[PDB]
């Protein structure tokens, strides 16, 4: 309990397969991926968690979470907000983001963020410095 994390940097989280960026808009309660204009709500806090080798992904004082059913934003840092970076051997600079609890990779379907246990081509992300 009482997990903590420390912000490492601010970054965009962009998909290799469609160039789309993960975003979270608090006012619309909207979490998704968008492929056009770059907006401020596509900037995330990348955080070293208190658990070795695992990171959290934050926006608007919340944390990116996979609960076994959907990808959502959590008000509290839970074990299900821990992600590891799995380098993609064939695509230097890209990572899969693997949920610790559920061993599911961050993916997308249409405009939605999802998670998948099988490795696929739309699970490859580049997390680049926003500033």
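Residue numbers count along the first chain shown, from 1.
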Inset, instruction - With reference to the PDB entry, specify whether the mean Cα temperature factor is higher for 42-50 or for 68-76. - result: 68-76
Legend entry - Between 110-118 and 17-25 (mean CA B-factor, as deposited), the higher: 110-118
Legend entry - Highest-ranked of 92, 37, 103, 96 once sorted by CA temperature factor in the record: 103
Legend entry - residue 61 CA temperature factor, ranked by third within the chain: highest
Inset, instruction - Select lowest, middle or highest to describe the third in which the CA B-factor of residue 124 falls within its chain in this entry. - result: lowest
